Asker: 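Before anything else, here's the structure in question.
Values reported hereafter were calculated over all heavy atoms of this structure, with side chains retained and with hydrogens, waters and symmetry mates removed. Numbers here simply count residues along the sequence, with the first being 1.
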Amino acid sequence: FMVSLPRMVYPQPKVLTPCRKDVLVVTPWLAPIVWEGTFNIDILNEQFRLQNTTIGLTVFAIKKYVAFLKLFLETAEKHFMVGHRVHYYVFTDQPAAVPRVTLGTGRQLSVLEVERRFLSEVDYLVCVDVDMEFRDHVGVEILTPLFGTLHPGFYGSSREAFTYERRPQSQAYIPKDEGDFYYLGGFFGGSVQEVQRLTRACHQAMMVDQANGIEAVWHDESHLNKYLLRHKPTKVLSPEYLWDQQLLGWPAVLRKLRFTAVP
Ligand SMILES: CC(=O)N[C@@H]1[C@@H](O)[C@H](O[C@@H]2O[C@H](CO)[C@H](O)[C@H](O)[C@H]2O)[C@@H](CO)O[C@@H]1O
Ligand SMILES: [Cl-]
Ligand SMILES: [Hg+2]
Ligand SMILES: [Hg+2]
Ligand SMILES: [Hg+2]
Ligand SMILES: [Hg+2]
């Protein structure tokens, strides 16, 4: 049950004025493609706060990667879901190496040394790589049952150029005449149920490949792409959500660089 939104004053949407004329803002299966300018964050914040939404953010930090936690968490505190309940889940082999980061109210962090728990603690799960930093707003506009993110190196490429697994012997196999986009393995999410279904499917597919003596060209990411090809995401995030300024610069098509690789 969703309660009524309160009176709100904002610019009237214009039916005869396209949102963006330079990019595709909706997929052929009617899933929004999230770009700056396509959403009014005030309306979305209201909708999700009225639901008392809790977002889980998971990251794996093994060995040397634990050194990326401080910047990752510090910037997440400034840009990730500010205003909503957030639960960070840090999976690491070095519990004592996790930095003591100051968190805002309503936000907590759990260190898990290396899943029904997720179902009772959060509404959505966002899974990302730790050797990154938030540089701008990453909010509720991304929340949906299942979302994938456009790889910054292939968003303007033809499917034939996508680095999908091309060997029929692999469960991640995708022929040259199939494929919508090339999604990143480093940033996906959705409801806990959908995320667990995706990870469960990926795990099983990778076990089958292993038994068959084959490893997908881009490992987990290859299987992620096969999954999202057969189970269309309900929202697709633009490259604004995972960029590498050192390697790709800052093109005009990107009004904001929200989450980026650390040089
Ligand atoms: C079109 C192209 O060759 N782009 C490459 C990127 O692919 C590459 O980033 C890697 O991409 C592969 C999949 O092709 C994996 O996702 C890997 O994890 C990425 O690091 C970048 C950086 O090497 O260089 C170009 O942009
Ligand atoms: Cl992840
Ligand atoms: Hg718009
Ligand atoms: Hg996850
Ligand atoms: Hg997997
Ligand atoms: Hg996967």
Asker: Give a yes or no on whether the backbone of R49 and the side-chain of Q51 come within a donor-acceptor separation of less than 3.5 Å.
Answerer: no
Asker: Determine, step by step, whether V86 and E77 satisfy the side chain to side chain contact (heavy atoms under 4.5 Å, CB included) criterion, reporting the C-alpha distance in whole Å, the side-chain angles of both residues, the deciding distance to 0.1 Å, and the verdict.
Answerer: CA-CA 10 Å; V86 170; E77 278 299 302; 5.8 Å; no
Asker: Mind checking the CG-CD spacing from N40 to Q47? Nearest 0.5 Å is all I need.
Answerer: 10.0 Å
Asker: Nearest 0.5 Å, please: how far is CD in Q196 from CG in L198?
Answerer: 11.0 Å
Asker: Between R159 and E178, does any NZ, NE, NH1 or NH2 come within less than 4.0 Å of an OD or OE carboxylate oxygen?
Answerer: no
Asker: Shared ILVMFWY cluster between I41 and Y241, side chains joined below 4.5 angstrom?
Answerer: yes
Asker: I'd like to know if the side chain of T27 reaches the main chain of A31, judged simply by a donor and an acceptor atom lying under 3.5 Å from each other, with no hydrogens or angles considered.
Answerer: yes
Asker: Would you call the rings of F162 and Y164 parallel, tilted or perpendicular, where under 30° means parallel and over 60° means perpendicular?
Answerer: perpendicular
Asker: Using the side-chain contact (heavy atoms from CB on, under 4.5 Å) rule, pick out the option among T54, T53, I55 that qualifies with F48.
Answerer: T53
Asker: When you measure from the side chain of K70 to the backbone of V101, do you find a donor-acceptor pair of N or O atoms at a distance under 3.5 Å?
Answerer: no
Asker: Are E115 and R200 ion-paired here, with the side-chain N under 4.0 Å from a carboxylate O?
Answerer: yes
Asker: Report yes or no: do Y155 and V25 belong to one cluster of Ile/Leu/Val/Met/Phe/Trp/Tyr joined by side chain heavy-atom distances under 4.5 Å?
Answerer: yes
Asker: Ignoring hydrogens and geometry, is there a side-chain-to-backbone donor-acceptor pair from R166 to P175 under 3.5 Å?
Answerer: yes
Asker: Is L125 reachable from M81 through a run of I, L, V, M, F, W or Y residues, each pair having side-chain heavy atoms under 4.5 Å apart?
Answerer: no
Asker: I'd like to know if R167 and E165 make a salt bridge, using a cut-off of under 4.0 Å between side-chain N and carboxylate O.
Answerer: yes
Asker: So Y89 and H87, would you call those rings parallel, tilted or perpendicular, with 30° and 60° as cut-offs?
Answerer: parallel
Asker: Give the ring-plane orientation class for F134 versus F259, where under 30° counts as parallel, over 60° as perpendicular and anything between as tilted.
Answerer: tilted
Asker: Any carboxylate oxygen within less than 4.0 angstrom of a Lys/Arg side-chain nitrogen, looking at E240 and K256?
Answerer: no
Asker: Can a donor-acceptor pair be found, under 3.5 Å and without considering hydrogens, that links the side chain of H203 to the backbone of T199?
Answerer: no
Asker: Is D180 salt-bridged to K232, going by a charged N under 4.0 Å from an acidic O?
Answerer: yes
Asker: Are any side-chain N or O atoms of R258 and backbone N or O atoms of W243, one a donor and one an acceptor, separated by less than 3.5 Å?
Answerer: no
